[PDB]
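Raw protein.cif, mmCIF, C-alpha atoms and all ligand atoms:
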data_target
#
loop_
_atom_site.label_atom_id
_atom_site.label_comp_id
_atom_site.auth_asym_id
_atom_site.auth_seq_id
_atom_site.Cartn_x
_atom_site.Cartn_y
_atom_site.Cartn_z
CA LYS A 25 84.38 114.85 120.31
CA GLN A 26 83.29 112.36 117.64
CA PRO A 27 85.73 110.59 115.27
CA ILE A 28 85.43 110.16 111.53
CA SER A 29 84.45 106.52 112.10
CA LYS A 30 81.02 107.71 113.32
CA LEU A 31 80.23 109.32 109.95
CA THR A 32 77.92 107.47 107.61
CA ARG A 33 77.83 106.81 103.90
CA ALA A 34 74.42 107.29 102.23
CA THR A 35 74.75 104.20 100.06
CA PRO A 36 77.50 101.63 99.51
CA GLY A 37 78.64 103.27 96.19
CA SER A 38 78.70 106.83 97.67
CA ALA A 39 82.11 108.37 97.42
CA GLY A 40 81.65 110.69 100.40
CA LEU A 41 80.88 110.51 104.08
CA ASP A 42 78.07 112.89 105.07
CA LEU A 43 78.93 115.98 107.19
CA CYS A 44 76.16 117.82 109.07
CA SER A 45 76.15 121.25 110.66
CA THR A 46 75.61 121.15 114.44
CA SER A 47 74.14 124.62 114.49
CA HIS A 48 71.41 126.62 112.81
CA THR A 49 73.15 129.30 110.82
CA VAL A 50 72.02 132.01 108.44
CA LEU A 51 74.52 133.05 105.64
CA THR A 52 74.39 136.02 103.31
CA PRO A 53 76.66 136.78 100.39
CA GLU A 54 78.27 139.80 102.03
CA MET A 55 79.39 137.64 104.94
CA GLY A 56 82.01 135.85 102.91
CA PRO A 57 83.45 132.50 103.97
CA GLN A 58 82.13 130.99 107.17
CA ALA A 59 83.47 127.90 109.02
CA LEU A 60 80.51 125.67 110.04
CA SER A 61 80.99 123.41 113.10
CA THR A 62 80.42 119.66 112.68
CA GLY A 63 81.46 118.16 116.05
CA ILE A 64 83.58 115.62 114.03
CA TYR A 65 87.36 115.53 114.58
CA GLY A 66 90.42 114.16 112.82
CA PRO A 67 92.66 112.24 112.54
CA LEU A 68 92.31 110.14 109.43
CA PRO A 69 93.08 106.49 108.71
CA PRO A 70 96.78 105.79 108.02
CA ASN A 71 98.03 106.72 104.53
CA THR A 72 94.93 108.82 103.70
CA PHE A 73 93.96 112.47 103.64
CA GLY A 74 90.51 114.02 103.34
CA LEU A 75 88.80 116.45 101.03
CA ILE A 76 85.69 118.33 102.05
CA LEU A 77 83.44 118.86 99.09
CA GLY A 78 79.94 120.12 98.52
CA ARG A 79 76.82 118.09 97.96
CA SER A 80 75.43 118.93 94.53
CA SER A 81 71.88 119.38 95.87
CA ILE A 82 73.21 122.03 98.28
CA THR A 83 75.45 123.78 95.74
CA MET A 84 72.42 124.05 93.38
CA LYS A 85 70.47 125.70 96.23
CA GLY A 86 73.14 128.48 96.43
CA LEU A 87 75.47 127.40 99.19
CA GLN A 88 79.05 126.98 97.99
CA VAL A 89 81.40 124.71 100.00
CA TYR A 90 85.04 125.57 99.38
CA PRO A 91 87.06 122.39 98.89
CA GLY A 92 89.08 121.81 101.99
CA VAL A 93 92.10 119.61 102.56
CA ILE A 94 92.09 117.60 105.79
CA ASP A 95 95.61 116.52 106.74
CA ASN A 96 96.18 112.94 107.90
CA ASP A 97 97.34 113.96 111.37
CA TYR A 98 94.89 116.79 112.03
CA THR A 99 93.19 116.19 115.41
CA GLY A 100 90.98 119.32 115.56
CA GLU A 101 87.38 119.75 114.55
CA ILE A 102 86.55 119.30 110.86
CA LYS A 103 84.72 122.46 109.83
CA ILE A 104 82.95 123.18 106.56
CA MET A 105 84.01 126.43 104.78
CA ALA A 106 80.89 127.76 103.07
CA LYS A 107 79.51 130.85 101.44
CA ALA A 108 76.06 131.90 100.26
CA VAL A 109 76.58 132.61 96.55
CA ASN A 110 73.84 135.12 95.71
CA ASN A 111 70.96 134.79 98.14
CA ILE A 112 70.26 134.37 101.83
CA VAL A 113 70.75 130.66 102.83
CA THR A 114 69.54 129.09 106.10
CA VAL A 115 71.27 125.94 107.38
CA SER A 116 69.24 123.99 110.00
CA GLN A 117 70.87 121.76 112.70
CA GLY A 118 71.46 118.24 111.35
CA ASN A 119 71.09 119.25 107.68
CA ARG A 120 73.72 117.37 105.58
CA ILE A 121 75.90 120.27 104.28
CA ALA A 122 78.99 118.64 102.72
CA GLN A 123 80.80 115.34 102.29
CA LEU A 124 84.21 114.02 103.26
CA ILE A 125 86.14 112.10 100.55
CA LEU A 126 89.15 109.96 101.66
CA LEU A 127 92.09 109.77 99.27
CA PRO A 128 95.48 108.09 99.27
CA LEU A 129 98.30 110.12 100.65
CA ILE A 130 101.21 109.62 98.24
CA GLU A 131 104.74 109.66 99.58
CA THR A 132 107.35 111.97 98.02
CA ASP A 133 110.91 113.02 98.92
CA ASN A 134 109.92 116.67 99.30
CA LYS A 135 111.60 118.17 102.35
CA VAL A 136 109.47 118.70 105.43
CA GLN A 137 109.16 122.22 106.96
CA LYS B 25 112.74 127.46 86.62
CA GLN B 26 112.24 125.41 89.79
CA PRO B 27 110.80 121.86 89.81
CA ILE B 28 108.14 120.45 92.08
CA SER B 29 110.85 118.61 94.03
CA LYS B 30 111.92 121.95 95.57
CA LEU B 31 108.51 122.45 97.20
CA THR B 32 108.20 121.71 100.89
CA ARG B 33 105.62 120.02 103.07
CA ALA B 34 104.79 121.86 106.32
CA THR B 35 104.72 118.69 108.41
CA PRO B 36 105.11 114.99 107.61
CA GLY B 37 101.29 114.36 107.74
CA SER B 38 100.46 117.40 105.50
CA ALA B 39 98.64 116.37 102.40
CA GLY B 40 99.81 119.34 100.33
CA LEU B 41 103.02 120.92 99.15
CA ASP B 42 103.09 124.67 99.85
CA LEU B 43 102.86 127.10 96.88
CA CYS B 44 103.94 130.73 97.32
CA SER B 45 103.29 133.76 95.14
CA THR B 46 106.48 135.29 93.72
CA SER B 47 104.90 138.71 93.41
CA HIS B 48 103.04 141.22 95.53
CA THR B 49 99.57 141.44 94.11
CA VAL B 50 96.40 143.27 95.07
CA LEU B 51 93.03 141.55 94.13
CA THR B 52 89.53 142.98 94.19
CA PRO B 53 86.27 141.17 93.60
CA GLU B 54 85.53 142.94 90.33
CA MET B 55 88.81 141.70 88.89
CA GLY B 56 87.61 138.14 88.62
CA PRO B 57 90.02 135.22 88.34
CA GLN B 58 93.71 136.01 88.37
CA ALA B 59 96.61 133.60 87.67
CA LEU B 60 99.34 134.12 90.32
CA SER B 61 102.94 133.24 89.35
CA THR B 62 104.84 130.72 91.51
CA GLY B 63 108.13 130.16 89.64
CA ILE B 64 107.48 126.37 90.05
CA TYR B 65 107.13 124.20 86.91
CA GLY B 66 105.81 120.77 86.01
CA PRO B 67 106.16 117.94 85.20
CA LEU B 68 104.94 115.59 87.87
CA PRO B 69 106.24 112.23 89.12
CA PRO B 70 105.26 109.26 86.91
CA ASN B 71 101.68 108.01 87.32
CA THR B 72 100.53 111.10 89.26
CA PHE B 73 98.65 114.30 88.55
CA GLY B 74 98.30 117.40 90.72
CA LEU B 75 95.48 119.40 92.21
CA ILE B 76 95.94 122.98 93.31
CA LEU B 77 93.78 123.71 96.30
CA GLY B 78 93.40 126.53 98.76
CA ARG B 79 94.78 126.76 102.25
CA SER B 80 91.90 127.04 104.69
CA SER B 81 93.50 129.96 106.56
CA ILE B 82 93.63 131.89 103.27
CA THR B 83 90.13 130.94 102.11
CA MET B 84 88.77 132.16 105.49
CA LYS B 85 90.56 135.49 104.90
CA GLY B 86 88.56 135.96 101.63
CA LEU B 87 90.85 134.71 98.91
CA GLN B 88 89.33 131.84 96.93
CA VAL B 89 91.68 129.47 95.04
CA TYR B 90 89.88 127.69 92.21
CA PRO B 91 90.83 124.01 92.20
CA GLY B 92 93.18 123.42 89.34
CA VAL B 93 94.19 120.21 87.64
CA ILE B 94 97.90 119.86 86.84
CA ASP B 95 98.47 117.29 84.10
CA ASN B 96 101.28 114.75 84.54
CA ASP B 97 103.22 115.97 81.50
CA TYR B 98 102.70 119.72 81.91
CA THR B 99 106.11 121.45 81.76
CA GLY B 100 104.97 125.09 82.12
CA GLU B 101 104.73 127.23 85.20
CA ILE B 102 102.22 126.15 87.86
CA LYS B 103 100.04 129.19 88.51
CA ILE B 104 97.42 129.66 91.20
CA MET B 105 93.94 130.77 89.96
CA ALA B 106 92.52 133.02 92.67
CA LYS B 107 89.80 135.53 93.29
CA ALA B 108 89.04 137.97 96.10
CA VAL B 109 85.58 136.91 97.27
CA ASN B 110 84.10 140.08 98.77
CA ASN B 111 86.87 142.41 99.90
CA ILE B 112 90.20 143.78 98.76
CA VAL B 113 92.98 141.15 99.39
CA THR B 114 96.73 141.85 99.32
CA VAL B 115 99.13 138.97 98.63
CA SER B 116 102.76 139.67 99.66
CA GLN B 117 105.80 138.00 97.97
CA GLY B 118 106.57 134.64 99.61
CA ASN B 119 103.16 134.35 101.32
CA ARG B 120 101.96 130.69 101.11
CA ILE B 121 98.80 131.03 98.92
CA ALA B 122 97.79 127.46 97.99
CA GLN B 123 98.89 123.84 98.15
CA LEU B 124 99.65 121.17 95.59
CA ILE B 125 98.14 117.70 96.24
CA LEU B 126 99.55 114.72 94.24
CA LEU B 127 97.10 111.99 93.26
CA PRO B 128 97.28 108.74 91.35
CA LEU B 129 96.61 108.97 87.67
CA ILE B 130 94.33 106.04 86.85
CA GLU B 131 94.59 104.40 83.45
CA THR B 132 91.46 103.97 81.30
CA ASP B 133 90.79 102.88 77.70
CA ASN B 134 89.28 106.24 76.80
CA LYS B 135 90.49 107.35 73.37
CA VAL B 136 93.12 110.06 73.25
CA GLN B 137 92.43 113.32 71.31
CA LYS C 25 72.48 108.03 76.60
CA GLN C 26 76.27 107.92 76.22
CA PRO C 27 78.60 106.23 78.75
CA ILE C 28 81.79 107.60 80.23
CA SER C 29 83.77 105.29 77.93
CA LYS C 30 82.88 107.58 74.98
CA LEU C 31 84.67 110.56 76.58
CA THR C 32 88.09 111.46 75.28
CA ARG C 33 91.35 112.54 76.84
CA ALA C 34 93.10 115.47 75.12
CA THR C 35 96.56 113.93 75.42
CA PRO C 36 97.91 110.75 77.01
CA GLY C 37 99.22 112.64 80.13
CA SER C 38 95.92 114.58 80.65
CA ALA C 39 94.43 113.88 84.01
CA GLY C 40 90.85 114.61 82.95
CA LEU C 41 88.31 113.42 80.44
CA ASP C 42 86.74 116.32 78.51
CA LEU C 43 83.06 117.20 79.20
CA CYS C 44 81.13 119.33 76.67
CA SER C 45 77.84 121.17 77.04
CA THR C 46 75.14 119.87 74.68
CA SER C 47 73.33 123.18 74.66
CA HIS C 48 74.02 126.84 74.01
CA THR C 49 73.54 128.61 77.30
CA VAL C 50 73.99 132.16 78.51
CA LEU C 51 74.95 132.63 82.25
CA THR C 52 74.98 135.79 84.32
CA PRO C 53 76.25 136.25 87.85
CA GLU C 54 72.82 136.86 89.34
CA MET C 55 71.63 133.50 88.04
CA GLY C 56 73.68 131.56 90.53
CA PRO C 57 74.57 127.90 90.01
CA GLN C 58 73.32 126.26 86.85
CA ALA C 59 73.47 122.53 85.95
CA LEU C 60 74.68 122.16 82.32
CA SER C 61 73.59 119.03 80.40
CA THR C 62 76.31 116.81 78.89
CA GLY C 63 74.40 113.78 77.52
CA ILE C 64 77.00 111.57 79.36
CA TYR C 65 75.79 109.16 82.07
CA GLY C 66 77.29 107.17 84.92
CA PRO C 67 78.15 104.63 86.20
CA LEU C 68 81.88 104.58 86.75
CA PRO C 69 84.46 101.79 86.49
CA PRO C 70 84.59 99.49 89.54
CA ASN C 71 86.42 100.88 92.59
CA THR C 72 86.49 104.47 91.26
CA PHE C 73 84.55 107.67 91.75
CA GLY C 74 84.61 110.85 89.68
CA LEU C 75 85.31 114.50 90.29
CA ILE C 76 84.07 117.19 87.95
CA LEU C 77 86.53 120.03 87.81
CA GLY C 78 86.99 123.14 85.73
CA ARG C 79 89.33 123.65 82.84
CA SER C 80 91.77 126.42 83.72
CA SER C 81 91.27 128.20 80.38
CA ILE C 82 87.53 128.40 81.14
CA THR C 83 87.91 129.43 84.78
CA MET C 84 90.23 132.27 83.64
CA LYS C 85 87.49 133.40 81.22
CA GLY C 86 85.07 133.84 84.19
CA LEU C 87 83.09 130.63 84.31
CA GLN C 88 83.46 128.80 87.62
CA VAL C 89 82.76 125.03 87.72
CA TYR C 90 81.91 123.87 91.23
CA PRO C 91 83.75 120.63 91.99
CA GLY C 92 81.27 117.82 91.86
CA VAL C 93 81.49 114.31 93.23
CA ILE C 94 80.23 111.56 90.93
CA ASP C 95 79.36 108.42 92.90
CA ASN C 96 80.51 105.04 91.56
CA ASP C 97 76.97 103.73 91.09
CA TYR C 98 75.31 106.88 89.77
CA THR C 99 73.46 106.03 86.53
CA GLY C 100 71.95 109.47 85.76
CA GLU C 101 73.27 112.21 83.53
CA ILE C 102 76.55 113.84 84.57
CA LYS C 103 75.85 117.57 84.69
CA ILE C 104 78.31 120.41 85.16
CA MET C 105 77.48 122.88 88.00
CA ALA C 106 78.69 126.28 86.82
CA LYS C 107 78.38 129.94 87.58
CA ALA C 108 79.42 133.12 85.78
CA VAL C 109 81.72 134.84 88.28
CA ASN C 110 81.46 138.53 87.37
CA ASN C 111 80.44 138.92 83.74
CA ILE C 112 78.03 137.52 81.21
CA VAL C 113 79.38 134.16 79.83
CA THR C 114 78.10 132.38 76.71
CA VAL C 115 78.63 128.62 76.37
CA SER C 116 78.25 127.29 72.79
CA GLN C 117 77.16 123.67 71.99
CA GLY C 118 80.18 121.35 71.93
CA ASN C 119 82.47 123.77 73.82
CA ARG C 120 84.62 121.78 76.32
CA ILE C 121 83.38 123.19 79.69
CA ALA C 122 84.88 120.90 82.38
CA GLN C 123 86.79 117.68 82.92
CA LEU C 124 86.08 114.42 84.70
CA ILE C 125 88.88 113.04 86.93
CA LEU C 126 88.65 109.37 88.05
CA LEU C 127 89.94 108.54 91.52
CA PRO C 128 90.20 105.43 93.65
CA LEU C 129 87.29 104.75 95.91
CA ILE C 130 88.79 103.73 99.25
CA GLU C 131 86.95 101.23 101.41
CA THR C 132 86.17 102.07 105.06
CA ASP C 133 84.05 100.47 107.81
CA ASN C 134 81.79 103.50 108.06
CA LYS C 135 78.16 102.41 108.39
CA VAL C 136 75.96 102.74 105.34
CA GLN C 137 72.74 104.85 105.52
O1 LIG A 201 87.60 122.75 104.92
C1 LIG A 201 88.48 122.57 105.75
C2 LIG A 201 89.85 122.70 105.48
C3 LIG A 201 90.79 122.45 106.48
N1 LIG A 201 90.33 122.12 107.77
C4 LIG A 201 91.28 121.84 108.87
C5 LIG A 201 91.91 120.46 108.52
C6 LIG A 201 93.29 120.79 107.93
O2 LIG A 201 94.24 119.75 108.24
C7 LIG A 201 93.59 122.09 108.64
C8 LIG A 201 94.59 122.98 107.92
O3 LIG A 201 93.94 123.31 106.69
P1 LIG A 201 94.85 123.37 105.35
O4 LIG A 201 96.04 124.04 105.63
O5 LIG A 201 95.08 121.82 104.96
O6 LIG A 201 93.98 123.90 104.29
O7 LIG A 201 92.35 122.77 108.82
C9 LIG A 201 89.00 122.01 108.03
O8 LIG A 201 88.50 121.70 109.15
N2 LIG A 201 88.06 122.22 107.04
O1 LIG A 202 95.32 125.99 88.63
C1 LIG A 202 95.88 125.62 87.61
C2 LIG A 202 95.29 124.79 86.65
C3 LIG A 202 96.02 124.38 85.53
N1 LIG A 202 97.33 124.86 85.37
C4 LIG A 202 98.15 124.46 84.20
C5 LIG A 202 98.51 122.96 84.46
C6 LIG A 202 97.55 122.17 83.56
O2 LIG A 202 98.16 120.96 83.10
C7 LIG A 202 97.32 123.17 82.45
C8 LIG A 202 96.02 122.97 81.68
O3 LIG A 202 95.00 123.18 82.66
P1 LIG A 202 93.69 122.22 82.61
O4 LIG A 202 93.28 122.08 81.28
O5 LIG A 202 94.21 120.83 83.25
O6 LIG A 202 92.75 122.77 83.60
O7 LIG A 202 97.35 124.47 83.04
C9 LIG A 202 97.90 125.67 86.31
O8 LIG A 202 99.08 126.13 86.25
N2 LIG A 202 97.20 126.05 87.43
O1 LIG A 203 78.79 118.15 89.54
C1 LIG A 203 78.06 117.19 89.76
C2 LIG A 203 77.89 116.63 91.03
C3 LIG A 203 77.07 115.51 91.20
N1 LIG A 203 76.38 115.01 90.08
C4 LIG A 203 75.49 113.83 90.19
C5 LIG A 203 76.45 112.62 90.40
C6 LIG A 203 76.40 112.32 91.91
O2 LIG A 203 76.58 110.92 92.15
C7 LIG A 203 75.00 112.81 92.23
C8 LIG A 203 74.79 113.18 93.69
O3 LIG A 203 75.68 114.28 93.90
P1 LIG A 203 76.47 114.36 95.31
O4 LIG A 203 75.58 114.05 96.35
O5 LIG A 203 77.65 113.26 95.16
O6 LIG A 203 77.16 115.65 95.32
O7 LIG A 203 74.73 113.92 91.39
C9 LIG A 203 76.55 115.57 88.85
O8 LIG A 203 75.98 115.17 87.79
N2 LIG A 203 77.38 116.65 88.67
#
I need this file expressed as structure tokens, please.
Ligand SMILES: O=c1ccn([C@H]2C[C@H](O)[C@@H](COP(=O)(O)O)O2)c(=O)[nH]1
Ligand SMILES: O=c1ccn([C@H]2C[C@H](O)[C@@H](COP(=O)(O)O)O2)c(=O)[nH]1
Ligand SMILES: O=c1ccn([C@H]2C[C@H](O)[C@@H](COP(=O)(O)O)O2)c(=O)[nH]1
Amino acid sequence: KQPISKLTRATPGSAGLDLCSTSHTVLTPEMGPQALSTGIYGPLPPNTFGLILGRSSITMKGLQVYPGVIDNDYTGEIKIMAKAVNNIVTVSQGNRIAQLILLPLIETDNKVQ
Amino acid sequence: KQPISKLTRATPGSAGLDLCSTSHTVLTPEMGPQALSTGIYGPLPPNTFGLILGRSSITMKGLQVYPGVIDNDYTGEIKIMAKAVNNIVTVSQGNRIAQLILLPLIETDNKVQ
Amino acid sequence: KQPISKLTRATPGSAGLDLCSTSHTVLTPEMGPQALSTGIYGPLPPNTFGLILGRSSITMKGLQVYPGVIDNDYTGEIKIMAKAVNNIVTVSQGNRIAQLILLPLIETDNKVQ
């Protein structure tokens, strides 16, 4: 398993950490949402949560990444939820498919469970 | 009307507050976006705004929730904008359909109106 | 070129800054994602990044805006990635199509490039 600390940022001003698909995968529109493996696992730094978002270059090529909320204490594998919009899309191993944004986790008094 | 304070968090490390649909509703792809009632109303805690996002279990079952921005001072009913992706989806009363994330509302000098 | 400082907020409690399309554009579902020009350019205020999100009134009328991450140091034109969901959609010049949300850019030790 690899932790979020092994992810890289493309440039210092980049909001997101790059997420790559560990497999070659073909997607068609009729398949609906598919969860792509990344080999990267939670959890997140204290007081943060994560959002998985698309890369614009990839969205413009017809692969939609559904925004995904990564809880602070999730310890499973971070997967990318994606769908081919209109056309057949092929994702090659190591292609950068999405990005992870880290955001502050605000405290509230809402009851738990 | 019920306020956001009555929402619950599944676990202490959960980023989102659960939102449930108050009605049983059937959605098909050709229907396009539908606004699901929740019986929960703004406004939000000072200096925050809200984002409505999907639950990954629900997105993987073919119901897409369009990310929705909840303004700090909105006092209407928070509705979930959703679409069946490819298949017929049935939402039962009380099913958890989406989640509300609270985020800091940054001040800027942009002119207002 | 116009900077983000020229954008306006609809009301003081509005989370987003309004983004308008500078052209008249017709979109159909089979076209897939389209990048709409706005004439607004990065970069963003220090320690922030941007998210492009839809307006709910517009999403409910069948135009989906794909959430887009605006990096802090991007100096190009901010474009709106959008898709007609099911029907033909016509966007007129000056119509408010999306909104820009500003969020804190959290520092991490992740390696760069
Ligand atoms: O795109 C996503 C969305 C969620 N999850 C994992 C992390 C979340 O903590 C967990 C539960 O999802 P939600 O209930 O937060 O949506 O699933 C992902 O791997 N990818
Ligand atoms: O998914 C959504 C998106 C918005 N709204 C309500 C709250 C917002 O303050 C208001 C106006 O929407 P926007 O203009 O912020 O998108 O509509 C919802 O109930 N659900
Ligand atoms: O909806 C979007 C998404 C991105 N970009 C520009 C700003 C980003 O800094 C840049 C690279 O996109 P990403 O790699 O962050 O997705 O493209 C846009 O104009 N509109």
Nearby polymer residues, ligand LIG 203 (chain A), at most 9 Å, only C-alpha atoms and all ligand atoms, as a PyMOL selection string | (chain A and resi 37-40+77-83+122-123) or (chain C and resi 59-61+65-67+73-77+89-106)
Please, which residues of chain C lie no more than 7 Å from chain B when the count uses all atoms listed in the file, and can they be set out as a list in words?
-> residues 29, 30, 31, 32, 33, 34, 35, 36, 37, 38, 39, 80, 84, 86, 109, 110, 126 and 127 of chain C
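With only C-alpha atoms and all ligand atoms as the atoms that count, the minimum distance from ligand LIG 201 (chain A) to the choices A:111, A:52, A:62, A:26 is reached by A:62.
CA of residue 63 (chain A) is found 14.8 Å from CA of residue 116 (chain A).
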Transformed chain C, reference chain A, in-order C-alpha pairing, as a CSV table (one decimal) with C-alpha atoms, in the frame of the given file:
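Heads up, here's the output in out11.csv:
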chain,number,residue,atom,x,y,z
C,25,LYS,CA,84.4,114.8,120.3
C,26,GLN,CA,83.3,112.4,117.6
C,27,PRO,CA,85.7,110.6,115.3
C,28,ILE,CA,85.4,110.2,111.5
C,29,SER,CA,84.5,106.5,112.1
C,30,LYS,CA,81.0,107.7,113.3
C,31,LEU,CA,80.2,109.3,110.0
C,32,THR,CA,77.9,107.5,107.6
C,33,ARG,CA,77.8,106.8,103.9
C,34,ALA,CA,74.4,107.3,102.2
C,35,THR,CA,74.8,104.2,100.1
C,36,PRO,CA,77.5,101.6,99.5
C,37,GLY,CA,78.6,103.3,96.2
C,38,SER,CA,78.7,106.8,97.7
C,39,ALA,CA,82.1,108.4,97.4
C,40,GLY,CA,81.6,110.7,100.4
C,41,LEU,CA,80.9,110.5,104.1
C,42,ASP,CA,78.1,112.9,105.1
C,43,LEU,CA,78.9,116.0,107.2
C,44,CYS,CA,76.2,117.8,109.1
C,45,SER,CA,76.2,121.3,110.7
C,46,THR,CA,75.6,121.1,114.4
C,47,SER,CA,74.1,124.6,114.5
C,48,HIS,CA,71.4,126.6,112.8
C,49,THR,CA,73.1,129.3,110.8
C,50,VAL,CA,72.0,132.0,108.4
C,51,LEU,CA,74.5,133.0,105.6
C,52,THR,CA,74.4,136.0,103.3
C,53,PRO,CA,76.7,136.8,100.4
C,54,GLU,CA,78.3,139.8,102.0
C,55,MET,CA,79.4,137.6,104.9
C,56,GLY,CA,82.0,135.9,102.9
C,57,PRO,CA,83.4,132.5,104.0
C,58,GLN,CA,82.1,131.0,107.2
C,59,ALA,CA,83.5,127.9,109.0
C,60,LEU,CA,80.5,125.7,110.0
C,61,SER,CA,81.0,123.4,113.1
C,62,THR,CA,80.4,119.7,112.7
C,63,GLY,CA,81.5,118.2,116.0
C,64,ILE,CA,83.6,115.6,114.0
C,65,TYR,CA,87.4,115.5,114.6
C,66,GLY,CA,90.4,114.2,112.8
C,67,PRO,CA,92.7,112.2,112.5
C,68,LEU,CA,92.3,110.1,109.4
C,69,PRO,CA,93.1,106.5,108.7
C,70,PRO,CA,96.8,105.8,108.0
C,71,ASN,CA,98.0,106.7,104.5
C,72,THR,CA,94.9,108.8,103.7
C,73,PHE,CA,94.0,112.5,103.6
C,74,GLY,CA,90.5,114.0,103.3
C,75,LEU,CA,88.8,116.4,101.0
C,76,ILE,CA,85.7,118.3,102.1
C,77,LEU,CA,83.4,118.9,99.1
C,78,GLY,CA,79.9,120.1,98.5
C,79,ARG,CA,76.8,118.1,98.0
C,80,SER,CA,75.4,118.9,94.5
C,81,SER,CA,71.9,119.4,95.9
C,82,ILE,CA,73.2,122.0,98.3
C,83,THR,CA,75.4,123.8,95.7
C,84,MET,CA,72.4,124.1,93.4
C,85,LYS,CA,70.5,125.7,96.2
C,86,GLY,CA,73.1,128.5,96.4
C,87,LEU,CA,75.5,127.4,99.2
C,88,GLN,CA,79.1,127.0,98.0
C,89,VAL,CA,81.4,124.7,100.0
C,90,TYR,CA,85.0,125.6,99.4
C,91,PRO,CA,87.1,122.4,98.9
C,92,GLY,CA,89.1,121.8,102.0
C,93,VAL,CA,92.1,119.6,102.6
C,94,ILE,CA,92.1,117.6,105.8
C,95,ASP,CA,95.6,116.5,106.7
C,96,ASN,CA,96.2,112.9,107.9
C,97,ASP,CA,97.3,114.0,111.4
C,98,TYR,CA,94.9,116.8,112.0
C,99,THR,CA,93.2,116.2,115.4
C,100,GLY,CA,91.0,119.3,115.6
C,101,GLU,CA,87.4,119.7,114.6
C,102,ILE,CA,86.6,119.3,110.9
C,103,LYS,CA,84.7,122.5,109.8
C,104,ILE,CA,82.9,123.2,106.6
C,105,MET,CA,84.0,126.4,104.8
C,106,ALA,CA,80.9,127.8,103.1
C,107,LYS,CA,79.5,130.8,101.4
C,108,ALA,CA,76.1,131.9,100.3
C,109,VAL,CA,76.6,132.6,96.6
C,110,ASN,CA,73.8,135.1,95.7
C,111,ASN,CA,71.0,134.8,98.1
C,112,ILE,CA,70.3,134.4,101.8
C,113,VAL,CA,70.7,130.7,102.8
C,114,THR,CA,69.5,129.1,106.1
C,115,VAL,CA,71.3,125.9,107.4
C,116,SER,CA,69.2,124.0,110.0
C,117,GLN,CA,70.9,121.8,112.7
C,118,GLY,CA,71.5,118.2,111.3
C,119,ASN,CA,71.1,119.3,107.7
C,120,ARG,CA,73.7,117.4,105.6
C,121,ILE,CA,75.9,120.3,104.3
C,122,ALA,CA,79.0,118.6,102.7
C,123,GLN,CA,80.8,115.3,102.3
C,124,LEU,CA,84.2,114.0,103.3
C,125,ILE,CA,86.1,112.1,100.6
C,126,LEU,CA,89.1,110.0,101.7
C,127,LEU,CA,92.1,109.8,99.3
C,128,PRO,CA,95.5,108.1,99.3
C,129,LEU,CA,98.3,110.1,100.6
C,130,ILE,CA,101.2,109.6,98.2
C,131,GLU,CA,104.7,109.7,99.6
C,132,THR,CA,107.4,112.0,98.0
C,133,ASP,CA,110.9,113.0,98.9
C,134,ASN,CA,109.9,116.7,99.3
C,135,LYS,CA,111.6,118.2,102.4
C,136,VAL,CA,109.5,118.7,105.4
C,137,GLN,CA,109.2,122.2,107.0
Atom pair CA of residue 115 (chain B) / CA of residue 47 (chain B): separation (Å) | 7.8 Å
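Interatomic distance, atom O5 of ligand LIG 201 (chain A) to CA of residue 85 (chain A): 26.4 Å.
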Need the neighbours of (73.7, 137.4, 79.6): which residues are at most 7 Å away, counting only C-alpha atoms, as a PyMOL selection string?
-> chain C and resi 50-52+112-113
File of the preceding selection, C-alpha atoms, as a PDB file, in the frame of the given file:
ATOM      1  CA  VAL C  50      73.990 132.160  78.510  1.00  0.00           C
ATOM      2  CA  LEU C  51      74.950 132.630  82.250  1.00  0.00           C
ATOM      3  CA  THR C  52      74.980 135.790  84.320  1.00  0.00           C
ATOM      4  CA  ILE C 112      78.030 137.520  81.210  1.00  0.00           C
ATOM      5  CA  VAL C 113      79.380 134.160  79.830  1.00  0.00           C
TER       6      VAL C 113
END
What are the centre and edge lengths in Å, to one decimal, of the axis-aligned box around all listed atoms of ligand LIG 201 (chain A) with 6 Å added on each side, as lines of an AutoDock Vina configuration file?
center_x = 91.8
center_y = 121.9
center_z = 106.7
size_x = 20.4
size_y = 16.3
size_z = 16.9
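Distances from A:25, A:68, A:46, A:119 to ligand LIG 201 (chain A) were compared using all atoms listed in the file, and the smallest one belongs to A:68.
With distances taken over all atoms listed in the file, B:124 is the one residue among B:41, B:87, B:108, B:124 lying closest to ligand LIG 202 (chain A).
Using all atoms listed in the file, the shortest contact distance between ligand LIG 202 (chain A) and any of C:69, C:45, C:117, C:88 is found at C:88.
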